[PDB]
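Read through the structure below, which is laid out as structure tokens, and then see the notes.
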Amino acid sequence: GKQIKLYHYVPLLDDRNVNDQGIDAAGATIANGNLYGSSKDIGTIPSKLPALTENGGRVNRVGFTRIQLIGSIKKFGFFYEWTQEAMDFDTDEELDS
Amino acid sequence: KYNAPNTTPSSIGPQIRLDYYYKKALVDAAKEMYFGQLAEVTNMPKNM
Amino acid sequence: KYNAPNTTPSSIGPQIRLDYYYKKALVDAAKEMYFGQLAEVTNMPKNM
Amino acid sequence: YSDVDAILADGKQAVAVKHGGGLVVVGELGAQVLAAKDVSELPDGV
Amino acid sequence: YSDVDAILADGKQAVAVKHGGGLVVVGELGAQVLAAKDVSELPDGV
């Protein structure tokens, strides 16, 4: 259909992993599906590290995302026309080339 | 996680192919022929 | 005329397929580890 | 609450949720309201 | 509410029941009232 689609699977820790499957140690309403993204700030990762306890259970859930690409094809062209006389009675007998 | 129908986006992300295309198509049988069979043919020559 | 299907339906009729799905997906490469391969290991026994 | 032990240490109880997310937290008051049948069996506060 | 998607799409959550019956649906106040120790932690609503 004159178009081509793709899937670009974003990694987990990339901040492009926008996801609703976000559960922390205690609650499950976390919007940040990825653990901490790539915030890269010492004041953040220890808090967002998946610190599981003695009792396990439904803690630190994560989800993953895919990215769709799109590209389309287009048509182009042009043309020129000449008469026989324009080639015959011309000063230069090489106009064709 | 879930795969809610495309209008409600799937958890993993966008979905491209939502339909399976059955290659074989449906045609209509030609109407059976009646009057054409009963006929006489007379050749009309050219240049006449 | 093929026109611009859906938006401008083609002369023949509906086009159910309008996108070629290239199967090979794009996967981000893994980051290289540096602070690993640098530590020793001391075993911690169980029951302790 | 940060860790699962916080709910236990606090004294609240914790129920795992299946279909959607998980780990709803129950307190003694919330349970007692939750354990009510008619307007008589809710606590004094509500 | 017709299907388990209806609760999930609405944002309401549902817990599987053990002793007898189907599912118990939880809203966010209903969860937050549920997680109350004393009179202080109930909503402004209650």
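Residue numbers start at 1 in each chain; chains themselves are named A, B, ... in the order of the structure tokens; ligands are numbered from 1 in the order shown.
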Exercise. Restrict the distance test to only C-alpha atoms, flag each residue of chain B within 12 Å of chain E, and return the flagged residues as a ChimeraX atom specification.
Key: /B:2-5,8-9
Quiz item: Hey, what's within 8 Å of residue 19 (chain C) if we count only C-alpha atoms and toss same-chain stuff fewer than 5 positions away? As a PyMOL selection string, please?
Solution: chain A and resi 1-5
Include N, CA, C and O atoms and write out the residues we just selected as a PDB file, in the first residue's frame.
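The resulting file, part_17.pdb, is reproduced below:
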ATOM      1  N   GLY A   1       0.797  -1.210   0.000  1.00  0.00           N
ATOM      2  CA  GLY A   1       0.000   0.000   0.000  1.00  0.00           C
ATOM      3  C   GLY A   1       0.832   1.264   0.000  1.00  0.00           C
ATOM      4  O   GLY A   1       0.496   2.233   0.688  1.00  0.00           O
ATOM      5  N   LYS A   2       1.930   1.257  -0.756  1.00  0.00           N
ATOM      6  CA  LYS A   2       2.844   2.385  -0.914  1.00  0.00           C
ATOM      7  C   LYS A   2       3.509   2.803   0.391  1.00  0.00           C
ATOM      8  O   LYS A   2       4.130   3.870   0.444  1.00  0.00           O
ATOM      9  N   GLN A   3       3.397   1.998   1.445  1.00  0.00           N
ATOM     10  CA  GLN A   3       3.978   2.327   2.737  1.00  0.00           C
ATOM     11  C   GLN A   3       4.553   1.067   3.363  1.00  0.00           C
ATOM     12  O   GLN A   3       4.128  -0.051   3.062  1.00  0.00           O
ATOM     13  N   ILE A   4       5.532   1.259   4.244  1.00  0.00           N
ATOM     14  CA  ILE A   4       6.199   0.164   4.936  1.00  0.00           C
ATOM     15  C   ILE A   4       6.276   0.508   6.416  1.00  0.00           C
ATOM     16  O   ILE A   4       6.612   1.641   6.779  1.00  0.00           O
ATOM     17  N   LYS A   5       5.956  -0.461   7.268  1.00  0.00           N
ATOM     18  CA  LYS A   5       5.948  -0.271   8.709  1.00  0.00           C
ATOM     19  C   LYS A   5       7.012  -1.139   9.367  1.00  0.00           C
ATOM     20  O   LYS A   5       7.537  -2.082   8.768  1.00  0.00           O
TER      21      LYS A   5
END
Practice problem: Between CA of residue 23 (chain C) and CA of residue 67 (chain A), measure the distance and give it in Å to one decimal. | Solution: 13.6 Å
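Overlaying the C-alpha atoms of chain C on those of chain B by least squares yields an RMSD of 1.3 Å.
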Quiz prompt | Distance of CA of residue 17 (chain D) from CA of residue 37 (chain D), expressed in Å to one decimal place | solution = 22.7 Å
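The nearest approach to chain E among the residues A:6, A:87, A:28, A:52, with only C-alpha atoms taken into account, belongs to A:28.
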Exercise. Can you check which residues of chain E have any atom within 10 Å of chain D? Use only C-alpha atoms and format it as JSON, numbers by chain.
Key: {"E": [4, 5, 7, 8, 11, 12, 13, 14, 15, 16, 17, 23, 26, 28, 30, 31, 32, 33, 34, 35, 36, 37, 38, 39, 40, 41, 42, 45, 46]}
Give me a file of those residues, with C-alpha atoms, as a PDB file, in the first residue's frame.
ATOM      1  CA  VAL E   4     -13.519  -7.843  33.422  1.00  0.00           C
ATOM      2  CA  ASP E   5     -12.295  -5.286  30.891  1.00  0.00           C
ATOM      3  CA  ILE E   7     -13.502  -2.695  35.583  1.00  0.00           C
ATOM      4  CA  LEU E   8      -9.968  -2.573  34.181  1.00  0.00           C
ATOM      5  CA  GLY E  11      -9.446   1.970  36.399  1.00  0.00           C
ATOM      6  CA  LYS E  12     -11.415   0.163  39.084  1.00  0.00           C
ATOM      7  CA  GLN E  13      -9.544  -2.887  40.320  1.00  0.00           C
ATOM      8  CA  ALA E  14     -10.885  -6.338  41.245  1.00  0.00           C
ATOM      9  CA  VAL E  15      -9.764  -8.953  43.775  1.00  0.00           C
ATOM     10  CA  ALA E  16     -10.340 -12.696  43.429  1.00  0.00           C
ATOM     11  CA  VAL E  17     -12.492 -14.126  46.218  1.00  0.00           C
ATOM     12  CA  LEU E  23     -14.664 -10.949  42.282  1.00  0.00           C
ATOM     13  CA  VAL E  26     -12.081  -1.873  44.434  1.00  0.00           C
ATOM     14  CA  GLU E  28      -9.344   4.188  44.771  1.00  0.00           C
ATOM     15  CA  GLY E  30     -12.600   2.338  48.500  1.00  0.00           C
ATOM     16  CA  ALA E  31      -8.988   1.217  48.656  1.00  0.00           C
ATOM     17  CA  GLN E  32      -7.881   4.349  50.508  1.00  0.00           C
ATOM     18  CA  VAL E  33     -10.735   4.128  53.038  1.00  0.00           C
ATOM     19  CA  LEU E  34      -9.776   0.459  53.182  1.00  0.00           C
ATOM     20  CA  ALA E  35      -6.248   1.501  54.213  1.00  0.00           C
ATOM     21  CA  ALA E  36      -7.179   3.541  57.283  1.00  0.00           C
ATOM     22  CA  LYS E  37      -6.028   2.811  60.830  1.00  0.00           C
ATOM     23  CA  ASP E  38      -8.034   5.352  62.841  1.00  0.00           C
ATOM     24  CA  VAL E  39     -10.461   8.172  62.079  1.00  0.00           C
ATOM     25  CA  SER E  40      -7.680  10.429  60.774  1.00  0.00           C
ATOM     26  CA  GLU E  41      -6.827   8.592  57.536  1.00  0.00           C
ATOM     27  CA  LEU E  42     -10.340   8.343  56.086  1.00  0.00           C
ATOM     28  CA  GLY E  45     -15.590  12.499  52.004  1.00  0.00           C
ATOM     29  CA  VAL E  46     -16.244  10.137  54.917  1.00  0.00           C
TER      30      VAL E  46
END
